[PDB]
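Chemist: This one is query.csv, CSV, N, CA and C atoms and all ligand atoms.
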```
chain,number,residue,atom,x,y,z
A,39,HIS,N,-82.8,301.9,-64.3
A,39,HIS,CA,-83.9,301.0,-64.0
A,39,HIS,C,-83.4,299.5,-63.9
A,40,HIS,N,-83.0,299.0,-65.0
A,40,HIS,CA,-82.6,297.5,-65.1
A,40,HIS,C,-81.1,297.4,-64.9
A,41,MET,N,-80.7,296.8,-63.9
A,41,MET,CA,-79.3,296.6,-63.6
A,41,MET,C,-78.8,295.3,-64.2
A,42,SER,N,-77.6,295.4,-64.8
A,42,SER,CA,-76.8,294.2,-65.1
A,42,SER,C,-76.3,293.5,-63.8
A,43,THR,N,-76.3,292.2,-63.8
A,43,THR,CA,-75.8,291.5,-62.7
A,43,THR,C,-75.0,290.3,-63.1
A,44,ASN,N,-74.3,289.7,-62.3
A,44,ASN,CA,-73.6,288.5,-62.5
A,44,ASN,C,-74.4,287.3,-62.2
A,45,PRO,N,-74.3,286.2,-62.9
A,45,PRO,CA,-75.0,285.0,-62.5
A,45,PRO,C,-74.4,284.4,-61.2
A,46,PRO,N,-75.2,283.6,-60.5
A,46,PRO,CA,-74.6,282.9,-59.4
A,46,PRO,C,-73.4,282.1,-59.8
A,47,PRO,N,-72.3,282.1,-59.1
A,47,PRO,CA,-71.1,281.3,-59.5
A,47,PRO,C,-71.5,279.8,-59.5
A,48,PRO,N,-70.7,279.0,-60.2
A,48,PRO,CA,-70.9,277.6,-60.3
A,48,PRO,C,-70.8,277.0,-58.9
A,49,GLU,N,-71.6,275.9,-58.6
A,49,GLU,CA,-71.6,275.2,-57.4
A,49,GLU,C,-70.2,274.7,-57.0
A,50,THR,N,-69.7,275.1,-55.8
A,50,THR,CA,-68.5,274.5,-55.3
A,50,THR,C,-68.7,273.5,-54.1
A,51,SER,N,-69.9,273.4,-53.6
A,51,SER,CA,-70.2,272.5,-52.5
A,51,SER,C,-71.5,271.8,-52.7
A,52,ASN,N,-71.5,270.5,-52.6
A,52,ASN,CA,-72.8,269.7,-52.6
A,52,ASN,C,-72.6,268.4,-51.8
A,53,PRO,N,-72.8,268.4,-50.5
A,53,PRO,CA,-72.7,267.2,-49.8
A,53,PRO,C,-73.3,265.9,-50.4
A,54,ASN,N,-74.4,266.1,-51.2
A,54,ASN,CA,-75.1,264.9,-51.8
A,54,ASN,C,-74.5,264.5,-53.1
A,55,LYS,N,-73.5,265.3,-53.7
A,55,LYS,CA,-72.9,264.9,-54.9
A,55,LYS,C,-71.9,263.8,-54.6
A,56,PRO,N,-71.8,262.7,-55.4
A,56,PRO,CA,-70.8,261.7,-55.3
A,56,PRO,C,-69.4,262.3,-55.5
A,57,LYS,N,-68.5,261.9,-54.6
A,57,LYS,CA,-67.2,262.5,-54.5
A,57,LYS,C,-66.1,261.5,-54.1
A,58,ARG,N,-64.9,261.6,-54.5
A,58,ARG,CA,-63.8,260.8,-54.1
A,58,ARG,C,-62.5,261.6,-54.0
A,59,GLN,N,-61.6,261.1,-53.2
A,59,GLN,CA,-60.3,261.5,-53.2
A,59,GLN,C,-59.4,260.5,-53.9
A,60,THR,N,-58.9,260.8,-55.1
A,60,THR,CA,-58.1,259.9,-55.8
A,60,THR,C,-56.7,260.5,-56.0
A,61,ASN,N,-55.7,259.6,-56.3
A,61,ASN,CA,-54.4,260.1,-56.6
A,61,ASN,C,-54.4,261.2,-57.7
A,62,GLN,N,-55.3,260.9,-58.8
A,62,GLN,CA,-55.3,261.9,-59.9
A,62,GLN,C,-55.9,263.2,-59.4
A,63,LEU,N,-56.9,263.2,-58.6
A,63,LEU,CA,-57.4,264.5,-58.1
A,63,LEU,C,-56.4,265.2,-57.2
A,64,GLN,N,-55.7,264.5,-56.4
A,64,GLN,CA,-54.6,265.1,-55.6
A,64,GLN,C,-53.6,265.7,-56.5
A,65,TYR,N,-53.2,265.1,-57.6
A,65,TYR,CA,-52.2,265.7,-58.5
A,65,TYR,C,-52.8,266.9,-59.2
A,66,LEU,N,-54.1,266.9,-59.5
A,66,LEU,CA,-54.7,268.0,-60.1
A,66,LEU,C,-54.7,269.2,-59.2
A,67,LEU,N,-54.8,269.0,-57.9
A,67,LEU,CA,-54.7,270.2,-57.0
A,67,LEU,C,-53.2,270.5,-56.7
A,68,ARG,N,-52.4,269.6,-56.4
A,68,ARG,CA,-51.0,269.9,-55.9
A,68,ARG,C,-50.1,270.2,-57.0
A,69,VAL,N,-50.3,269.7,-58.2
A,69,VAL,CA,-49.5,270.0,-59.4
A,69,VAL,C,-50.2,270.9,-60.4
A,70,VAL,N,-51.3,270.5,-60.9
A,70,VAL,CA,-51.9,271.2,-62.1
A,70,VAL,C,-52.4,272.5,-61.6
A,71,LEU,N,-53.3,272.6,-60.7
A,71,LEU,CA,-53.9,273.8,-60.3
A,71,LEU,C,-52.8,274.7,-59.7
A,72,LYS,N,-52.0,274.2,-58.8
A,72,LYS,CA,-50.9,275.0,-58.2
A,72,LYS,C,-50.1,275.7,-59.2
A,73,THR,N,-49.7,275.0,-60.3
A,73,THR,CA,-48.8,275.6,-61.3
A,73,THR,C,-49.5,276.7,-62.1
A,74,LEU,N,-50.8,276.4,-62.5
A,74,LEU,CA,-51.5,277.5,-63.3
A,74,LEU,C,-51.8,278.7,-62.4
A,75,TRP,N,-52.2,278.4,-61.1
A,75,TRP,CA,-52.6,279.5,-60.2
A,75,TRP,C,-51.5,280.5,-60.0
A,76,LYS,N,-50.3,280.1,-60.0
A,76,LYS,CA,-49.1,281.0,-59.7
A,76,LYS,C,-48.6,281.6,-61.0
A,77,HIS,N,-49.1,281.2,-62.1
A,77,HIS,CA,-48.5,281.7,-63.4
A,77,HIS,C,-48.8,283.2,-63.6
A,78,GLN,N,-47.9,283.9,-64.3
A,78,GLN,CA,-48.0,285.3,-64.5
A,78,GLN,C,-49.3,285.7,-65.2
A,79,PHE,N,-49.9,284.8,-66.0
A,79,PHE,CA,-51.1,285.0,-66.7
A,79,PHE,C,-52.4,284.5,-66.0
A,80,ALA,N,-52.3,284.1,-64.7
A,80,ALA,CA,-53.4,283.5,-64.0
A,80,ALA,C,-54.5,284.5,-63.7
A,81,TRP,N,-54.1,285.7,-63.5
A,81,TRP,CA,-55.0,286.7,-62.8
A,81,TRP,C,-56.4,286.8,-63.4
A,82,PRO,N,-56.6,286.8,-64.7
A,82,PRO,CA,-58.0,287.0,-65.2
A,82,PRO,C,-58.8,285.7,-65.0
A,83,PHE,N,-58.2,284.6,-64.7
A,83,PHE,CA,-58.8,283.3,-64.5
A,83,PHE,C,-59.0,282.9,-63.1
A,84,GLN,N,-58.6,283.7,-62.1
A,84,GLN,CA,-58.6,283.3,-60.7
A,84,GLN,C,-60.0,283.5,-60.0
A,85,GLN,N,-61.0,283.8,-60.8
A,85,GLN,CA,-62.3,284.1,-60.2
A,85,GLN,C,-63.3,284.3,-61.4
A,86,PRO,N,-64.6,284.1,-61.1
A,86,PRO,CA,-65.6,284.2,-62.2
A,86,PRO,C,-65.4,285.5,-62.9
A,87,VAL,N,-65.7,285.5,-64.2
A,87,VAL,CA,-65.7,286.8,-65.0
A,87,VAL,C,-66.7,287.7,-64.3
A,88,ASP,N,-66.3,288.9,-63.9
A,88,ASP,CA,-67.3,289.8,-63.3
A,88,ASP,C,-67.7,290.7,-64.4
A,89,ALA,N,-68.9,290.5,-64.9
A,89,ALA,CA,-69.3,291.2,-66.1
A,89,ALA,C,-69.8,292.5,-65.7
A,90,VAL,N,-70.3,292.7,-64.4
A,90,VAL,CA,-70.6,294.0,-63.9
A,90,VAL,C,-69.4,294.9,-63.8
A,91,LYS,N,-68.4,294.4,-63.1
A,91,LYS,CA,-67.2,295.3,-62.9
A,91,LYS,C,-66.5,295.6,-64.2
A,92,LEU,N,-66.4,294.6,-65.1
A,92,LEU,CA,-65.6,294.7,-66.3
A,92,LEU,C,-66.4,295.2,-67.5
A,93,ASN,N,-67.7,295.6,-67.3
A,93,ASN,CA,-68.6,296.2,-68.3
A,93,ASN,C,-68.7,295.3,-69.5
A,94,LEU,N,-69.1,294.1,-69.2
A,94,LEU,CA,-69.3,293.1,-70.3
A,94,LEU,C,-70.7,292.6,-70.2
A,95,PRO,N,-71.7,293.4,-70.5
A,95,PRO,CA,-73.1,293.0,-70.4
A,95,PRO,C,-73.5,291.8,-71.3
A,96,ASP,N,-72.6,291.5,-72.4
A,96,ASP,CA,-72.9,290.4,-73.2
A,96,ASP,C,-72.2,289.1,-72.8
A,97,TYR,N,-71.4,289.1,-71.8
A,97,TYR,CA,-70.5,287.9,-71.6
A,97,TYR,C,-71.4,286.7,-71.3
A,98,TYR,N,-72.4,286.8,-70.4
A,98,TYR,CA,-73.2,285.7,-70.0
A,98,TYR,C,-74.3,285.4,-70.9
A,99,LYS,N,-74.5,286.2,-72.0
A,99,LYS,CA,-75.3,285.8,-73.1
A,99,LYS,C,-74.6,284.9,-74.0
A,100,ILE,N,-73.3,285.1,-74.2
A,100,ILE,CA,-72.5,284.2,-75.0
A,100,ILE,C,-72.0,282.9,-74.3
A,101,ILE,N,-71.6,283.1,-73.0
A,101,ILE,CA,-71.0,282.0,-72.3
A,101,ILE,C,-72.0,281.5,-71.3
A,102,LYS,N,-72.6,280.3,-71.6
A,102,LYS,CA,-73.6,279.7,-70.9
A,102,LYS,C,-73.1,278.7,-69.8
A,103,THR,N,-71.9,278.3,-69.9
A,103,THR,CA,-71.3,277.3,-68.9
A,103,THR,C,-70.0,278.0,-68.4
A,104,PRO,N,-70.1,279.0,-67.5
A,104,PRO,CA,-69.0,279.7,-67.0
A,104,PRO,C,-68.1,278.8,-66.2
A,105,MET,N,-66.8,279.0,-66.2
A,105,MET,CA,-65.9,278.3,-65.4
A,105,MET,C,-64.6,279.1,-65.2
A,106,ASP,N,-63.9,278.9,-64.1
A,106,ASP,CA,-62.8,279.7,-63.7
A,106,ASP,C,-62.0,278.9,-62.7
A,107,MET,N,-60.7,279.3,-62.5
A,107,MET,CA,-59.8,278.6,-61.6
A,107,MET,C,-60.1,278.8,-60.1
A,108,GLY,N,-60.7,279.9,-59.8
A,108,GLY,CA,-61.2,280.1,-58.4
A,108,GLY,C,-62.2,279.0,-58.0
A,109,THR,N,-63.2,278.8,-58.9
A,109,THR,CA,-64.2,277.7,-58.7
A,109,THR,C,-63.5,276.4,-58.7
A,110,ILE,N,-62.6,276.1,-59.6
A,110,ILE,CA,-61.9,274.8,-59.7
A,110,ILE,C,-61.1,274.6,-58.4
A,111,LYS,N,-60.4,275.6,-57.9
A,111,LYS,CA,-59.7,275.5,-56.7
A,111,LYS,C,-60.6,275.2,-55.5
A,112,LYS,N,-61.7,275.9,-55.4
A,112,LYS,CA,-62.7,275.5,-54.3
A,112,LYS,C,-63.2,274.1,-54.5
A,113,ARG,N,-63.5,273.7,-55.7
A,113,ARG,CA,-64.0,272.3,-55.9
A,113,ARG,C,-63.0,271.3,-55.4
A,114,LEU,N,-61.7,271.5,-55.8
A,114,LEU,CA,-60.7,270.6,-55.4
A,114,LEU,C,-60.5,270.6,-53.9
A,115,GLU,N,-60.4,271.8,-53.3
A,115,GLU,CA,-60.3,271.9,-51.8
A,115,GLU,C,-61.5,271.3,-51.1
A,116,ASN,N,-62.7,271.4,-51.6
A,116,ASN,CA,-63.9,270.9,-51.0
A,116,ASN,C,-64.1,269.4,-51.3
A,117,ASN,N,-63.2,268.8,-52.1
A,117,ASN,CA,-63.4,267.4,-52.5
A,117,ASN,C,-64.8,267.3,-53.3
A,118,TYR,N,-65.0,268.2,-54.2
A,118,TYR,CA,-66.3,268.2,-54.9
A,118,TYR,C,-66.4,267.2,-56.0
A,119,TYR,N,-65.2,266.7,-56.5
A,119,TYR,CA,-65.2,265.9,-57.8
A,119,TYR,C,-65.3,264.4,-57.5
A,120,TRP,N,-65.9,263.7,-58.4
A,120,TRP,CA,-65.9,262.2,-58.4
A,120,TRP,C,-64.6,261.7,-59.0
A,121,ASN,N,-64.1,262.3,-60.1
A,121,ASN,CA,-63.0,261.8,-60.8
A,121,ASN,C,-62.2,263.0,-61.4
A,122,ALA,N,-61.0,262.7,-61.8
A,122,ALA,CA,-60.1,263.6,-62.5
A,122,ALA,C,-60.8,264.2,-63.8
A,123,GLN,N,-61.5,263.4,-64.5
A,123,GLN,CA,-62.2,263.8,-65.7
A,123,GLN,C,-63.1,265.0,-65.5
A,124,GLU,N,-63.9,265.0,-64.4
A,124,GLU,CA,-64.8,266.1,-64.1
A,124,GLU,C,-64.0,267.4,-64.0
A,125,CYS,N,-62.8,267.3,-63.3
A,125,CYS,CA,-62.0,268.5,-63.1
A,125,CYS,C,-61.3,268.9,-64.4
A,126,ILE,N,-60.8,268.0,-65.2
A,126,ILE,CA,-60.2,268.3,-66.5
A,126,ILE,C,-61.3,269.0,-67.4
A,127,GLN,N,-62.5,268.6,-67.3
A,127,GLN,CA,-63.6,269.2,-68.1
A,127,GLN,C,-63.8,270.6,-67.7
A,128,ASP,N,-63.6,270.9,-66.4
A,128,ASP,CA,-63.8,272.3,-65.9
A,128,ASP,C,-62.6,273.2,-66.5
A,129,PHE,N,-61.4,272.7,-66.5
A,129,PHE,CA,-60.3,273.5,-67.1
A,129,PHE,C,-60.6,273.7,-68.6
A,130,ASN,N,-61.0,272.6,-69.3
A,130,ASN,CA,-61.3,272.8,-70.7
A,130,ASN,C,-62.4,273.8,-71.0
A,131,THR,N,-63.5,273.8,-70.2
A,131,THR,CA,-64.5,274.7,-70.3
A,131,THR,C,-64.0,276.1,-70.1
A,132,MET,N,-63.2,276.4,-69.1
A,132,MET,CA,-62.6,277.7,-68.9
A,132,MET,C,-61.8,278.2,-70.1
A,133,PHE,N,-60.9,277.4,-70.6
A,133,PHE,CA,-60.1,277.8,-71.8
A,133,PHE,C,-61.1,278.0,-73.0
A,134,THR,N,-62.0,277.1,-73.2
A,134,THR,CA,-62.8,277.2,-74.4
A,134,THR,C,-63.7,278.4,-74.3
A,135,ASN,N,-64.3,278.7,-73.1
A,135,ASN,CA,-65.1,280.0,-73.0
A,135,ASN,C,-64.3,281.2,-73.4
A,136,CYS,N,-63.0,281.3,-73.0
A,136,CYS,CA,-62.2,282.4,-73.4
A,136,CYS,C,-62.0,282.5,-74.9
A,137,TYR,N,-61.7,281.3,-75.6
A,137,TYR,CA,-61.6,281.3,-77.0
A,137,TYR,C,-62.8,281.7,-77.7
A,138,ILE,N,-64.0,281.2,-77.2
A,138,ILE,CA,-65.3,281.5,-77.8
A,138,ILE,C,-65.6,283.0,-77.7
A,139,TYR,N,-65.4,283.6,-76.5
A,139,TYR,CA,-65.9,284.9,-76.3
A,139,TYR,C,-65.0,286.0,-77.0
A,140,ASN,N,-63.7,285.7,-77.0
A,140,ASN,CA,-62.8,286.7,-77.6
A,140,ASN,C,-62.4,286.3,-79.0
A,141,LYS,N,-61.4,287.0,-79.6
A,141,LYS,CA,-60.9,286.8,-80.9
A,141,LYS,C,-59.5,286.2,-80.9
A,142,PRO,N,-59.2,285.5,-81.9
A,142,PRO,CA,-57.9,284.8,-81.9
A,142,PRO,C,-56.7,285.6,-81.6
A,143,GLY,N,-56.6,286.9,-82.0
A,143,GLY,CA,-55.5,287.7,-81.8
A,143,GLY,C,-55.4,288.3,-80.4
A,144,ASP,N,-56.3,288.2,-79.5
A,144,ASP,CA,-56.4,289.0,-78.3
A,144,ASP,C,-55.4,288.6,-77.3
A,145,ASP,N,-55.0,289.5,-76.5
A,145,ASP,CA,-54.1,289.3,-75.4
A,145,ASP,C,-54.6,288.2,-74.4
A,146,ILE,N,-55.9,288.3,-74.1
A,146,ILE,CA,-56.5,287.3,-73.1
A,146,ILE,C,-56.5,285.9,-73.7
A,147,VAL,N,-56.6,285.8,-75.0
A,147,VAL,CA,-56.5,284.5,-75.7
A,147,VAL,C,-55.0,284.0,-75.6
A,148,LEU,N,-54.0,284.8,-75.9
A,148,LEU,CA,-52.6,284.5,-75.7
A,148,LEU,C,-52.4,284.0,-74.3
A,149,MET,N,-53.0,284.6,-73.3
A,149,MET,CA,-52.9,284.2,-71.9
A,149,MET,C,-53.4,282.8,-71.6
A,150,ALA,N,-54.7,282.6,-72.1
A,150,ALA,CA,-55.3,281.3,-72.0
A,150,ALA,C,-54.5,280.2,-72.7
A,151,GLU,N,-54.0,280.5,-73.9
A,151,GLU,CA,-53.2,279.5,-74.6
A,151,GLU,C,-51.9,279.1,-73.8
A,152,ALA,N,-51.3,280.1,-73.1
A,152,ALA,CA,-50.1,279.7,-72.4
A,152,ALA,C,-50.5,278.9,-71.2
A,153,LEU,N,-51.6,279.2,-70.5
A,153,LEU,CA,-52.0,278.4,-69.4
A,153,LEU,C,-52.4,277.0,-69.8
A,154,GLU,N,-53.1,276.9,-71.0
A,154,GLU,CA,-53.5,275.6,-71.5
A,154,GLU,C,-52.3,274.7,-71.9
A,155,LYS,N,-51.3,275.3,-72.5
A,155,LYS,CA,-50.1,274.6,-72.8
A,155,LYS,C,-49.5,273.9,-71.5
A,156,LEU,N,-49.4,274.7,-70.5
A,156,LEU,CA,-48.9,274.2,-69.2
A,156,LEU,C,-49.8,273.1,-68.6
A,157,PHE,N,-51.1,273.4,-68.7
A,157,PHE,CA,-52.1,272.4,-68.3
A,157,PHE,C,-51.9,271.0,-69.0
A,158,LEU,N,-51.8,271.1,-70.3
A,158,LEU,CA,-51.6,269.8,-71.0
A,158,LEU,C,-50.3,269.2,-70.7
A,159,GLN,N,-49.2,270.0,-70.5
A,159,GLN,CA,-47.9,269.4,-70.1
A,159,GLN,C,-48.0,268.6,-68.8
A,160,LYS,N,-48.8,269.2,-67.8
A,160,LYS,CA,-49.0,268.5,-66.6
A,160,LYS,C,-49.9,267.3,-66.6
A,161,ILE,N,-51.0,267.4,-67.3
A,161,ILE,CA,-51.9,266.2,-67.4
A,161,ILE,C,-51.4,265.1,-68.2
A,162,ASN,N,-50.3,265.3,-69.0
A,162,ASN,CA,-49.6,264.2,-69.7
A,162,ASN,C,-49.1,263.2,-68.7
A,163,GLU,N,-48.7,263.7,-67.5
A,163,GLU,CA,-48.2,262.9,-66.4
A,163,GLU,C,-49.2,262.6,-65.3
A,164,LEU,N,-50.5,262.8,-65.5
A,164,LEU,CA,-51.5,262.4,-64.6
A,164,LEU,C,-51.2,260.9,-64.1
A,165,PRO,N,-51.2,260.7,-62.7
A,165,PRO,CA,-50.9,259.4,-62.2
A,165,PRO,C,-51.9,258.3,-62.5
A,166,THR,N,-51.6,257.1,-62.1
A,166,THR,CA,-52.5,255.9,-62.3
A,166,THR,C,-52.5,255.6,-63.8
B,1,LIG,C1,-61.2,296.6,-68.3
B,1,LIG,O1,-60.3,295.5,-67.9
B,1,LIG,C2,-60.6,294.3,-68.3
B,1,LIG,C3,-61.8,294.0,-69.1
B,1,LIG,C4,-62.0,292.6,-69.4
B,1,LIG,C5,-61.2,291.6,-69.1
B,1,LIG,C6,-60.0,291.9,-68.4
B,1,LIG,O2,-59.1,291.0,-68.0
B,1,LIG,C7,-58.1,290.8,-69.0
B,1,LIG,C8,-59.8,293.2,-68.0
B,1,LIG,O3,-58.6,293.5,-67.3
B,1,LIG,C9,-58.8,293.7,-65.9
B,1,LIG,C10,-61.5,290.3,-69.5
B,1,LIG,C11,-61.3,289.3,-68.5
B,1,LIG,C12,-61.5,287.9,-68.5
B,1,LIG,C13,-62.0,287.1,-69.6
B,1,LIG,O4,-62.1,285.8,-69.4
B,1,LIG,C14,-61.4,285.2,-68.2
B,1,LIG,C15,-62.3,287.5,-70.9
B,1,LIG,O5,-62.7,286.6,-71.6
B,1,LIG,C16,-62.2,288.8,-71.4
B,1,LIG,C17,-61.9,290.0,-70.8
B,1,LIG,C18,-61.9,291.2,-71.7
B,1,LIG,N1,-61.7,290.9,-73.2
B,1,LIG,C19,-60.4,290.9,-73.7
B,1,LIG,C20,-60.4,290.7,-75.2
B,1,LIG,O6,-59.4,290.9,-73.1
B,1,LIG,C21,-63.1,292.1,-71.6
B,1,LIG,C22,-63.3,292.5,-70.1
B,2,NA,NA,-64.2,283.7,-80.3
```
The structure given in the file should be rewritten as structure tokens.
Modeler:
Amino acid sequence: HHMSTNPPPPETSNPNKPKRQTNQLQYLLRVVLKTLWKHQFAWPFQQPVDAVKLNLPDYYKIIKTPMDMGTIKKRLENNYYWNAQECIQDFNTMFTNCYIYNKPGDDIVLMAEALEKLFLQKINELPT
């Protein structure tokens, strides 16, 4: 009777949202996102959590601000962001969602931690 569904994905396109192309946002796409996207642990993070497919009916009860690298990649390619901080916040939301939903010893958490370490190493060099 009652089907579980996924929420609409986060907005990747809004012509009326203020947006800029900055050196920092270019670095976030060409260096930061590119590095994490190709990482051996990227696969769970390359698209919204599909709670229907993965049989996680509780995921979107716990995680109220979903984020993932597929969304971030589209945002960067679509010039969705006003500043680097908005994009950094999306990465932080993605990692934090994983830590919140799962338990500290879990494989998925180990994966997120490795991606986060690389992320922090790259944003240490954010230009400007
Ligand atoms: C049945 O197979 C899978 C099922 C899930 C996940 C997953 O990717 C590792 C799977 O492998 C395809 C899974 C995926 C993504 C998550 O966040 C990105 C998450 O928090 C959490 C998960 C999963 N939880 C854990 C502790 O790995 C639950 C659902
Ligand atoms: Na947790």
Chemist: Could you list, with a cut-off of 6.5 Å and counting all atoms listed in the file, the residues of chain A near ligand LIG 1 (chain B), each shown with its nearest atom pair and the distance in Å rounded to one decimal, rows sorted by chain and ascending number, as a Markdown table?
Modeler:
```
| residue | atom | partner | partner_atom | distance |
| --- | --- | --- | --- | --- |
| A:82 | C | B:LIG1 | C14 | 4.2 |
| A:83 | N | B:LIG1 | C14 | 4.8 |
| A:87 | CA | B:LIG1 | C12 | 5.6 |
| A:92 | CA | B:LIG1 | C3 | 4.8 |
| A:93 | N | B:LIG1 | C22 | 6.1 |
| A:94 | CA | B:LIG1 | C22 | 6.0 |
| A:135 | C | B:LIG1 | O5 | 5.9 |
| A:136 | CA | B:LIG1 | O5 | 4.6 |
| A:139 | C | B:LIG1 | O5 | 5.9 |
| A:140 | CA | B:LIG1 | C20 | 5.2 |
| A:141 | N | B:LIG1 | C20 | 5.8 |
| A:144 | CA | B:LIG1 | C20 | 5.3 |
| A:145 | C | B:LIG1 | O6 | 5.7 |
| A:146 | N | B:LIG1 | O6 | 4.5 |
| A:147 | N | B:LIG1 | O6 | 6.1 |
```
Chemist: Tell me, in Å to one decimal, how far atom CA of residue 166 of chain A is from atom CA of residue 60 of chain A.
Modeler: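 Calculated distance between atom CA of residue 166 of chain A and atom CA of residue 60 of chain A is 9.5 Å.
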Chemist: Apply DSSP to the backbone of this structure and, from chain A, keep only the residues in helix (DSSP H, G or I); write these as a ChimeraX atom specification.
Modeler: /A:61-75,81-83,97-100,107-115,122-139,145-161
Chemist: Just give me the gap between atom N of residue 148 of chain A and atom N of residue 107 of chain A in Å, one decimal is fine.
Modeler: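 Distance reported for this atom pair: 16.0 Å.
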Chemist: Residues near residue 85 of chain A, anyone? I mean within 9 Å using only C-alpha atoms, not counting same-chain ones fewer than 6 positions away, as an MDAnalysis selection string.
Modeler: chainID A and resid 105:109
Chemist: Every residue with an atom at most 12 Å from (-62.7, 271.6, -61.0) (file coordinates; only C-alpha atoms) is what I'm after, so could you write them as a tab-separated table (two decimals) with N, CA and C atoms, in the frame of the given file?
Modeler:
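Full text of out.tsv as output:
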```tsv
chain	number	residue	atom	x	y	z
A	48	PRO	N	-70.70	279.00	-60.20
A	48	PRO	CA	-70.90	277.60	-60.30
A	48	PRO	C	-70.80	277.00	-58.90
A	49	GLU	N	-71.60	275.90	-58.60
A	49	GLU	CA	-71.60	275.20	-57.40
A	49	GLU	C	-70.20	274.70	-57.00
A	50	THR	N	-69.70	275.10	-55.80
A	50	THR	CA	-68.50	274.50	-55.30
A	50	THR	C	-68.70	273.50	-54.10
A	51	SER	N	-69.90	273.40	-53.60
A	51	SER	CA	-70.20	272.50	-52.50
A	51	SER	C	-71.50	271.80	-52.70
A	63	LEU	N	-56.90	263.20	-58.60
A	63	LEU	CA	-57.40	264.50	-58.10
A	63	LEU	C	-56.40	265.20	-57.20
A	64	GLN	N	-55.70	264.50	-56.40
A	64	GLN	CA	-54.60	265.10	-55.60
A	64	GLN	C	-53.60	265.70	-56.50
A	66	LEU	N	-54.10	266.90	-59.50
A	66	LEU	CA	-54.70	268.00	-60.10
A	66	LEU	C	-54.70	269.20	-59.20
A	67	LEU	N	-54.80	269.00	-57.90
A	67	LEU	CA	-54.70	270.20	-57.00
A	67	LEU	C	-53.20	270.50	-56.70
A	70	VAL	N	-51.30	270.50	-60.90
A	70	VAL	CA	-51.90	271.20	-62.10
A	70	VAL	C	-52.40	272.50	-61.60
A	71	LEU	N	-53.30	272.60	-60.70
A	71	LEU	CA	-53.90	273.80	-60.30
A	71	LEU	C	-52.80	274.70	-59.70
A	104	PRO	N	-70.10	279.00	-67.50
A	104	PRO	CA	-69.00	279.70	-67.00
A	104	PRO	C	-68.10	278.80	-66.20
A	105	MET	N	-66.80	279.00	-66.20
A	105	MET	CA	-65.90	278.30	-65.40
A	105	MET	C	-64.60	279.10	-65.20
A	106	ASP	N	-63.90	278.90	-64.10
A	106	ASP	CA	-62.80	279.70	-63.70
A	106	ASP	C	-62.00	278.90	-62.70
A	107	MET	N	-60.70	279.30	-62.50
A	107	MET	CA	-59.80	278.60	-61.60
A	107	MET	C	-60.10	278.80	-60.10
A	108	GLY	N	-60.70	279.90	-59.80
A	108	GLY	CA	-61.20	280.10	-58.40
A	108	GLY	C	-62.20	279.00	-58.00
A	109	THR	N	-63.20	278.80	-58.90
A	109	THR	CA	-64.20	277.70	-58.70
A	109	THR	C	-63.50	276.40	-58.70
A	110	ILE	N	-62.60	276.10	-59.60
A	110	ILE	CA	-61.90	274.80	-59.70
A	110	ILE	C	-61.10	274.60	-58.40
A	111	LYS	N	-60.40	275.60	-57.90
A	111	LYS	CA	-59.70	275.50	-56.70
A	111	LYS	C	-60.60	275.20	-55.50
A	112	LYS	N	-61.70	275.90	-55.40
A	112	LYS	CA	-62.70	275.50	-54.30
A	112	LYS	C	-63.20	274.10	-54.50
A	113	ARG	N	-63.50	273.70	-55.70
A	113	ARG	CA	-64.00	272.30	-55.90
A	113	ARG	C	-63.00	271.30	-55.40
A	114	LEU	N	-61.70	271.50	-55.80
A	114	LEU	CA	-60.70	270.60	-55.40
A	114	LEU	C	-60.50	270.60	-53.90
A	115	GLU	N	-60.40	271.80	-53.30
A	115	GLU	CA	-60.30	271.90	-51.80
A	115	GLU	C	-61.50	271.30	-51.10
A	116	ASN	N	-62.70	271.40	-51.60
A	116	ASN	CA	-63.90	270.90	-51.00
A	116	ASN	C	-64.10	269.40	-51.30
A	117	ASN	N	-63.20	268.80	-52.10
A	117	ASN	CA	-63.40	267.40	-52.50
A	117	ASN	C	-64.80	267.30	-53.30
A	118	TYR	N	-65.00	268.20	-54.20
A	118	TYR	CA	-66.30	268.20	-54.90
A	118	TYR	C	-66.40	267.20	-56.00
A	119	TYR	N	-65.20	266.70	-56.50
A	119	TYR	CA	-65.20	265.90	-57.80
A	119	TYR	C	-65.30	264.40	-57.50
A	120	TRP	N	-65.90	263.70	-58.40
A	120	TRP	CA	-65.90	262.20	-58.40
A	120	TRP	C	-64.60	261.70	-59.00
A	121	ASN	N	-64.10	262.30	-60.10
A	121	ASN	CA	-63.00	261.80	-60.80
A	121	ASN	C	-62.20	263.00	-61.40
A	122	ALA	N	-61.00	262.70	-61.80
A	122	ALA	CA	-60.10	263.60	-62.50
A	122	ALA	C	-60.80	264.20	-63.80
A	123	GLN	N	-61.50	263.40	-64.50
A	123	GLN	CA	-62.20	263.80	-65.70
A	123	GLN	C	-63.10	265.00	-65.50
A	124	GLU	N	-63.90	265.00	-64.40
A	124	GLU	CA	-64.80	266.10	-64.10
A	124	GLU	C	-64.00	267.40	-64.00
A	125	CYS	N	-62.80	267.30	-63.30
A	125	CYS	CA	-62.00	268.50	-63.10
A	125	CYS	C	-61.30	268.90	-64.40
A	126	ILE	N	-60.80	268.00	-65.20
A	126	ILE	CA	-60.20	268.30	-66.50
A	126	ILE	C	-61.30	269.00	-67.40
A	127	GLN	N	-62.50	268.60	-67.30
A	127	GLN	CA	-63.60	269.20	-68.10
A	127	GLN	C	-63.80	270.60	-67.70
A	128	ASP	N	-63.60	270.90	-66.40
A	128	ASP	CA	-63.80	272.30	-65.90
A	128	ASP	C	-62.60	273.20	-66.50
A	129	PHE	N	-61.40	272.70	-66.50
A	129	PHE	CA	-60.30	273.50	-67.10
A	129	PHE	C	-60.60	273.70	-68.60
A	130	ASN	N	-61.00	272.60	-69.30
A	130	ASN	CA	-61.30	272.80	-70.70
A	130	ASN	C	-62.40	273.80	-71.00
A	131	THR	N	-63.50	273.80	-70.20
A	131	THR	CA	-64.50	274.70	-70.30
A	131	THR	C	-64.00	276.10	-70.10
A	132	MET	N	-63.20	276.40	-69.10
A	132	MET	CA	-62.60	277.70	-68.90
A	132	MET	C	-61.80	278.20	-70.10
```
